[PDB]
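Chemist: show me the folded form of this:
(chains A, B, C, D and E)
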Amino acid sequence: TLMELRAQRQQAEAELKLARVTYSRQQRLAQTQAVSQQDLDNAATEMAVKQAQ
Amino acid sequence: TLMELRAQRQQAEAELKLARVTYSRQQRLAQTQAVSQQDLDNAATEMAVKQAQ
Amino acid sequence: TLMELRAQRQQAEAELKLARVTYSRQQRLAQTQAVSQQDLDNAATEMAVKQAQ
Amino acid sequence: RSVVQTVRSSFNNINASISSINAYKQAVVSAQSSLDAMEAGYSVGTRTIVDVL
Amino acid sequence: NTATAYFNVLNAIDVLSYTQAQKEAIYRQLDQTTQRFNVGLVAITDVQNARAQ
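Modeler: Numbers count the residues shown, from 1 in each chain, chains lettered A, B, ... in the order given. Below you will find the coordinate block:
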């Protein structure tokens, strides 16, 4: 069972990388006012979700 | 029950093939700067997920 | 309970027909090079999934 | 007064020709890179040769 | 002829200013898209597209 969770955590570890890189990749353009503040709220919150996971 | 998981693994064995071929087939184009690193991050991570599964 | 599974299998029996007809209907056009091998992979894997189910 | 009109208009037309040539050059480069991109798309066959054409 | 030629100047002023505003708009469109490539969200082809615009 511990091995099972040992892998299942490894999944979320990857998704957290995806959401985080996507977030910084949004903000770096967002200093030049990227695609509204809407997507920034669509990115920062997902990262909080992957963080909680 | 062991037979049940014996098939349920066989499913993930196929999905892993799909994600892997999708990833390599993205990268081979991506040396020519395919659709940014975006889809590459959308492919490299999904394969990690199927790997964890 | 056995009756319950007796119906629940009957569902997958139909979905397998759908995926299979979809696969052959892709390949028959795919000898003339249908919409990339991408959709051939998208059809070949789903059929494996319905097969495992 | 007529020839004054005409000669100025001619000069002007020449300048227009210049700018137009610029624009179409860039359009050429663009469409070319788009082409090569989709060609790479066919390199793993994501599309059809018609699209390439 | 007098009245006609008179109005034509007006119309030209009109189109002038409008084309100008269009210029700025498309300009910062290109700037946005450019920055978007800088963070790597999109393919270079789009960059050249906005370039052509």
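Chemist: who in chain A is up against chain E?
Modeler: A:25, A:26, A:28, A:29, A:32, A:33, A:34 (C-beta under 8 Å from any C-beta of the partner chain). From N, CA and C alone the C-beta is placed, and that goes for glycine too.
Chemist: next: chain D.
Modeler: D:23, D:26, D:27, D:29, D:30, D:33, D:34, D:37.
Chemist: rerun at 10 Å
Modeler: Proximity of chain D to chain E, by C-beta under 10 Å from any C-beta of the partner chain, involves residues D:23-38.
Chemist: would you mind writing the ChimeraX command to select the buried ones in the residues you listed?
Modeler: Restricted to buried positions by 16 or more other C-beta atoms under 10 Å in any protein chain shown, the ChimeraX selection for these reads:
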select /D:30,33,34,37,38
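Chemist: list the ones among the residues of chain D next to chain E that fall in strands.
Modeler: Using DSSP state E, no member of the residues of chain D next to chain E falls within strands.
Chemist: which of the residues of chain D next to chain E sits closest to chain C?
Modeler: Of all these, chain C sits closest to residue D:38, with 11.7 Å by C-beta to the nearest C-beta.
Chemist: excluding covalently adjacent residues, which one is nearest to that closest one?
Modeler: Excluding the flanking residues, the one nearest residue D:38 by C-beta to C-beta, 6 or more residues apart in numbering or on different chains is residue D:52, at 5.5 Å.
Chemist: any idea how far the residue positioned nearest the centre of chain A is from chain C?
Modeler: The residue lying closest to the centre of chain A (C-alpha atoms, centre = their mean) is residue A:19, at 2.1 Å. Going from residue A:19 to chain C by C-beta to the nearest C-beta, to the nearest Å gives 26 Å.
Chemist: who's in contact with that residue?
Modeler: Residue A:19 is in contact with A:43, A:44, A:45, A:46, A:47, A:48, A:49, A:50, A:51, A:53, B:45, counting by C-beta atoms under 10 Å, 6 or more residues apart in numbering or on different chains.
Chemist: helices of chain A, start to end?
Modeler: Here chain A has its helices, by DSSP state H, at A:2-30, A:38-52.
Chemist: compute the inter-axis angle for the shortest one and helix A:2-30.
Modeler: Translated: helix A:38-52. If you take axes from the mean of the first three to the mean of the last three C-alpha atoms, to 10 degrees, helix A:38-52 sits at 160 degrees to helix A:2-30.
Chemist: show me the contacts for residue D:28.
Modeler: Under the criterion of C-beta under 10 Å, 6+ apart, the neighbours of residue D:28 are residue E:52.
Chemist: again, but for the one 5 residues further on
Modeler: With contact taken as C-beta under 10 Å, 6+ apart, residue D:33 is in contact with B:32, B:33, E:43, E:44, E:45, E:47, E:48, E:49.
Chemist: now the longest helix anywhere in chain E, how far from the centre of its chain.
Modeler: In chain E, assigned by DSSP H, the helix with the most residues is helix E:2-38. Going by C-alpha atoms, centre = their mean, to the nearest Å, the spacing between the C-alpha centre of helix E:2-38 and its chain's C-alpha centre is 6 Å.
Chemist: circling back to that earlier point, now, which of the residues of chain D next to chain E lie within helices?
Modeler: D:23-38.
Chemist: and the residues of chain A next to chain E, which two are furthest apart?
Modeler: Farthest apart among these by C-beta to C-beta are A:25 and A:33. That separation is 15.2 Å.
Chemist: give me the more crowded residue out of the two.
Modeler: The neighbour count for residue A:25 versus residue A:33, taken as other C-beta atoms under 10 Å in any protein chain shown, is higher for residue A:25 (20 against 12).
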